[PDB]
Structures are given as C-alpha cells and as structure tokens.
Amino acid sequence: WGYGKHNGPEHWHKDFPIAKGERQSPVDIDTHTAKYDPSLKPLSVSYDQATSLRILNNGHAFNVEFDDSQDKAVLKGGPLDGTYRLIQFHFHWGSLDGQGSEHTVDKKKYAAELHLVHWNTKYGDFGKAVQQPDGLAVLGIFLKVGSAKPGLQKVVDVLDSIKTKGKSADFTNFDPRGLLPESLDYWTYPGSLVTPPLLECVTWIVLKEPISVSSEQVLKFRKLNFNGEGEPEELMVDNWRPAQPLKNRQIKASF
Ligand SMILES: [Zn+2]
C-alpha cells in the first residue's frame, strides 16, 4: 500500500475491504448542506503540558509523537464525550499548491492538511481505541500558501534528518499550540482513518479557518522520500486519498 499508480488508494480495498464501507473518510464538506447544530459545545484544547518526544518518517508521512502516558495534551468538549489524548500529529500534502488536503470544502483543495490524533482514554491504549466507534478524535487543519508559520519552522528544519523511511530524531519541547488557527469553529462527522487499516473509529473535527504557510515551508515537505535509505528515490508528495461518499451521514457545524 502506498500512493503510487500500482499501490495507490484505488487498490487499498483489496487488502482493506473496509475501504468501501459506510463511514469512510475523507469527504467533501458541502457548506450549504452542513447542519448548524446549536447543541454543539465549544472545543476544549489543553496542550500547555504537552510533551513531544520524537519525529519519524514511517514511509507514508512524518509523525511527531507525544508522551500519552498521562493526560498532558488532551481534547474534550465539542461533539466528544470524555477525554481524548494526543498521541501524534502529521500532515498530507501535494506535489503542487493546488492539491494535498484530504478533506475539501465545497470541492476546494488546500495545499495540505494537519491531523492531530487523539484517543479516548476510557479504552486504555491507542490499540484498543482504534477498535471502537468512538475510539479516535482527529483534529483536521487546512494549510494554505501565503505567509510563513513561525511555529512550524522547528519542524521544517528537522526534516533533513529524517529524509528516508525508518529514520527518526529526538524532537522534544515542541508546542503544538503554535499550529492552531485563531478560531476553533468546526465541522464534525463520523468517519475513518484516511490510511490503511482505514478503521471506522474516528470522530472528525475539521476547523473552518486554515493556517497559512510559506511556499518555502511546504517545499521542504516535498523533499521527503517514501523509500528507505539507499533505494531509488521516490519523493513523498500526494500522500492523500480521494474523497469518499458521505452515504447518508450528516456533517454538522458549530457555527
Ligand atoms: Zn492523517
């Protein structure tokens, strides 16, 4: 599985039948169809005590991992019930500024998309959570090309060290609060992971307001390799999946 012509998203179903399930992600968010739900509570992002450990290239993206042995970085409120712990955050981008996001807004595609992954602590470990319908909460943030995101530079600068698959590097004292937009207005629907196993255990929280990054920032992302060290170089670009059918599900808005 990958994003190539032969192992791309159109092929995942072979291996992962759930690929053509009822609550697959990503999706196109029709803003005219989204339902304003007044019963929706404000998001509660507590990341002041966040502990980042490292960054690694897993061959499909680069993940910044956090210490989730305690309620240090959590997400609550909104459409959620109980506390969700931050375990990792990563991105999805394109070969061009014209594509890269997972989710689309009225068919519009962004440069990239940030996923902050949290797991329902009632289930004890990530592993068990991914086996429940209310197992995960993923915070989705759109990235547009414009002005630099100061808070993102610490990450861009470390990319050289994890160019190939299986590389990792210590990445302590990184504050995720620097990647958040000003407003926390969101869209929410019941979905799945956007990559295999594509388990349907995610509660998506898509922020309305995108953050901007400079052309130079996103460009460094495109210098990554899907391949392992000493193998033919395959640039890590377009690690996104085509939008899926909403199939009855309803997209709710907090605004
Ligand atoms: Zn993702």
Side-chain angles (χ1 to χ4, degrees), residues 43 45-68 72-75 85-103 109-118 138-184 186 194-195 205-227 229 233-240:
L43 268 170
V45 181
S46 317
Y47 295 158
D48 69 279
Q49 218 61 229
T51 315
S52 61
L53 297 182
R54 48 110 101 155
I55 188 173
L56 89 180
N57 170 346
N58 63 26
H60 48 269
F62 70 85
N63 295 190
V64 174
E65 298 156 351
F66 292 83
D67 175 10
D68 69 340
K72 280 173 169 142
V74 302
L75 209 216
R85 290 180 183 157
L86 179 74
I87 178 171
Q88 56 94 348
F89 75 72
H90 59 268
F91 314 70
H92 305 272
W93 61 91
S95 40
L96 285 338
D97 298 343
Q99 58 189 42
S101 72
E102 286 282 7
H103 290 93
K109 310 194 190 62
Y110 291 90
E113 187 169 327
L114 168 62
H115 294 154
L116 291 121
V117 181
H118 316 69
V138 189
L139 247 181
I141 301 168
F142 298 115
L143 261 74
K144 58 147 197 193
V145 172
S147 310
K149 187 80 174 170
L152 167 55
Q153 193 66 38
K154 272 181 45 160
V155 171
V156 156
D157 286 339
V158 82
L159 289 186
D160 273 336
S161 299
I162 70 153
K163 185 169 189 65
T164 64
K165 185 186 180 72
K167 310 280 203 170
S168 61
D170 296 340
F171 195 71
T172 57
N173 297 106
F174 176 80
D175 191 335
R177 290 176 300 173
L179 315 159
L180 296 177
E182 181 175 313
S183 175
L184 293 201
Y186 62 91
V194 295
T195 77
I205 309 170
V206 192
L207 305 185
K208 192 193 53 197
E209 176 184 341
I211 67 177
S212 74
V213 296
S214 58
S215 161
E216 29 281 305
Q217 282 177 324
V218 56
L219 259 181
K220 289 181 197 193
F221 279 27
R222 289 175 196 146
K223 288 172 164 198
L224 256 36
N225 296 181
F226 283 116
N227 67 275
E229 188 179 2
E233 192 167 10
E234 188 182 353
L235 290 182
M236 191 188 268
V237 295
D238 294 319
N239 52 351
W240 55 266

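Basis for what follows: all heavy atoms, side chains included, without hydrogens, waters or symmetry-related copies. Here, residue 1 is the first one in the sequence, and each next residue gets the next number.
For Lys72, the side-chain hydrogen bond (donor to acceptor under 3.5 Å, both in side chains) test picks out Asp67, with sequence neighbours left out. Residues passing the side-chain hydrogen bond (donor to acceptor under 3.5 Å, both in side chains) test with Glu113 are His103, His115, sequence neighbours excluded.
Atom CZ of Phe174 is separated from atom CG of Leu53 by 13.5 Å, given to the nearest 0.5 angstrom. Atoms NZ and OG, from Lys220 and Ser215 in turn, are 11.5 Å apart once rounded to the nearest 0.5 Å. To the nearest 0.5 Å, atoms CE (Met236) and CZ (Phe226) are separated by 6.0 Å. Expressed to the nearest 0.5 Å, how far OG of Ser46 lies from CG of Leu86 amounts to 11.5 Å. To the nearest 0.5 Å, the span separating CZ on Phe89 from OG on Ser52 amounts to 8.0 Å. Here the straight-line distance linking atom CG of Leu143 with atom CG of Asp97 works out to 11.0 Å at 0.5 Å rounding.
Here the side chain of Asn225 pairs no donor or acceptor atom with the backbone of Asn227 at under 3.5 angstrom. Under the 3.5 Å distance criterion, the side-chain polar atoms of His90 are left unmatched by any main-chain donor or acceptor of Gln88. A side-chain donor-acceptor contact under 3.5 Å links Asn57 to the backbone of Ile162. Looking at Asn239, its side chain does come within 3.5 Å of a backbone N or O of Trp93 through a donor-acceptor pair. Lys165 places a side-chain N or O within donor-acceptor distance of the main-chain N or O of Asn58, the cut-off being under 3.5 Å. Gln217 places a side-chain N or O within donor-acceptor distance of the main-chain N or O of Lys149, the cut-off being under 3.5 Å. The closest donor-acceptor contact from the side chain of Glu209 to the backbone of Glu182 lies under 3.5 Å. A distance-only check finds no donor-acceptor pair linking the side chain of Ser212 to the backbone of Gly146 [under 3.5 Å]. Looking at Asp238, its side chain does come within 3.5 Å of a backbone N or O of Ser95 through a donor-acceptor pair. Using a distance-only test at 3.5 Å, with no hydrogens or angles considered, no donor-acceptor pair links the side chain of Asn63 to the main chain of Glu65.
Between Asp48 and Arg177, some side-chain heavy-atom pair lies under the 4.5 Å cut-off. Residues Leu43 and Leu207 form a side-chain contact, since some pair of their non-hydrogen atoms from C-beta on lies under 4.5 Å apart. Using a 4.5 Å heavy-atom cutoff, the side chains of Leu116 and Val45 are not in contact. Counting only heavy atoms from C-beta outward, the side chains of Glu216 and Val156 never approach each other to under 4.5 Å.
The two residues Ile211 and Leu179 make their nearest non-hydrogen contact at CG2-O, 3.5 Å. Residue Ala111 comes nearest to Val145 through the heavy atom pair CB-CG2, 3.8 Å, listed as atom of the first residue, atom of the second, then distance. Contact record, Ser101 with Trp240: O-CB, 4.0 Å, taken as the closest heavy-atom pair. Nearest heavy atoms, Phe171 versus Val64: CD2-CG1, 3.5 Å.
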- Message: Go through it in stages, so that I can follow the logic: the residues are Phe221 and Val237, the test is side-chain contact (heavy atoms from CB on, under 4.5 Å), and I'd like the CA-CA distance, side-chain angles, deciding distance and then a yes or no.
- Response: CA-CA 8 Å; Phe221 279 27; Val237 295; over 6 Å; no
- Audit row: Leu159, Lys223, side-chain contact (heavy atoms from CB on, under 4.5 Å) steps and yes/no: CA-CA 8 Å; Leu159 289 186; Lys223 288 172 164 198; over 6 Å; no
- Report the C-alpha separation of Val155 and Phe62 in whole Å, then their side-chain angles, then the decisive distance to 0.1 Å, and conclude whether the side-chain contact (heavy atoms from CB on, under 4.5 Å) test is met. CA-CA 10 Å; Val155 171; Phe62 70 85; 3.5 Å; yes
- Please assess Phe91 against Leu114 for the test side-chain contact (heavy atoms from CB on, under 4.5 Å), listing each intermediate value before the final yes or no. CA-CA 5 Å; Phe91 314 70; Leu114 168 62; 3.8 Å; yes
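In summary, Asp160 and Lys167 do not engage in a salt bridge, as defined by a charged side-chain N under 4.0 Å from a carboxylate O. The pair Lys163-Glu233 counts as a salt bridge, with a side-chain nitrogen and a carboxylate oxygen less than 4.0 angstrom apart.
By the neighbour-count criterion of 12 heavy atoms within 6.0 Å, atom NZ of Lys109 is sparsely surrounded, having that number or fewer from other residues, nucleotides or ligands. No more than 12 heavy-atom neighbours from other residues, nucleotides or ligands sit within 6.0 angstrom of CG on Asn173. Around the CG atom of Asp175, the shell of radius 6.0 Å holds more than 12 heavy atoms that belong to other residues, nucleotides or ligands.
Checked against a 6.0 Å centroid threshold, the rings of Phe66 and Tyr47 do not count as neighbours.
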